[PDB]
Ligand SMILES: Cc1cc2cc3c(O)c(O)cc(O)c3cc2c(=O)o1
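Before any questions on how it binds or moves, here is one chain, the form deposited without the ligand, in structure tokens.
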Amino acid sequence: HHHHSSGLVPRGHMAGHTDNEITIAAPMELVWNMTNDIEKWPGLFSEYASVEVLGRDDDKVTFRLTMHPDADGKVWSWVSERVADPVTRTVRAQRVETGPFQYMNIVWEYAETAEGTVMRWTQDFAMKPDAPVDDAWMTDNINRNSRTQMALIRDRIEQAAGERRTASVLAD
């Protein structure tokens, strides 16, 4: 691989845009497969109470997200769509029901490095003019919560990789 990476690193910055990367010490196939197994997100991520696949059109997958209750106790739920391309190791998603946003576009990209798989998440959005918070606020909130979720995904995938390795080394 000959490039190196490590840890959780912000990239780019500007309100309405977030860009963060994390290195996960696991091979690309495992990282790709677990992060894209969206019905198991509630066990991988800590932020979704449930993820339900609604349909697939060719590759476009359409799905409904339901969060845990927010600080006011409210439960937010919406439909998004995503196209995951394993050849370019890129996923492009957007909210279909935009909620308090005018739009929200989320791109995930993956590559290999000497330390494992780097996964970079970029989000672009703008709040509706009458939304309860502004872009600056939402930008800081998404950065902070992304950082927490990326780290938890890193931990759970490194755990899974370790367990599969132990099973294989102990098997005949």
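Throughout, rigid core stands for the largest set of C-alpha atoms superposing within 1.5 Å between the two forms. In case it trips you up, residue 1 is the first one in the sequence shown, and so on.
Going by the record, give me the number of deposited-sequence residues missing between residue 12 and residue 13 as none, 1 to 3, 4 to 9, or 10 or more.
-> Going from residue 12 to residue 13, the model skips 1 to 3 residues of the deposited sequence.
Review point. Which of the two stretches, 119 to 127 or 38 to 46, shows the higher mean Cα temperature factor in the record?
Key: Result: 38 to 46.
Self-check item: Of 100 to 108 and 63 to 71, the stretch whose C-alpha atoms average the higher B-factor in the entry
Solution: The recorded data point to 63 to 71.
Deposited CA B-factor, highest of 114, 136, 26, 142: Highest C-alpha B-factor among the listed options: 136.
This protein has a second form, the form solved in complex with the ligand, left out of what is shown; the following refers to that one.
**Listed residue (145, 113, 46, 33) with a non-hydrogen atom within 4.5 angstroms of the ligand in the bound PDB entry** = Of the listed residues, the single hit is 145.
task: State the residue from 26, 118, 61, 106 whose non-hydrogen atoms include one within 4.5 Å of the ligand in the bound PDB entry.
output: Comparing distances to the ligand in the bound PDB entry, the residue within 4.5 Å is 106.
- Query: All three of 70, 78 and 95 touching the ligand in the bound PDB entry at 4.5 Å, heavy atom to heavy atom?
  - Reply: Every residue of the candidate spot has a heavy atom within 4.5 Å of the ligand in the bound PDB entry.
Answer for residue 66 alone: is it within 4.5 Å of the ligand in the bound PDB entry, judged on heavy atom distances? It does not: once the ligand is placed as it appears in the bound PDB entry, residue 66 has no heavy atom within 4.5 Å of it.
**Message:** Please tell me whether any heavy atom belonging to residue 50 falls inside 4.5 Å of a heavy atom of the ligand, as the geometry stands in the bound PDB entry.
**Reply:** Outside the cut-off, so no.
The ligand contact at residue 138 in the bound PDB entry, heavy atom, 4.5 Å
Residue 138: yes, in contact with the ligand in the bound PDB entry.
Look at residue 87 and decide if its Cα position differs by 2 Å or more between the shown form and the other one after superposing on the rigid core. No, because once the rigid core is superposed, the C-alpha of residue 87 moves less than 2 Å between the shown form and the other one.
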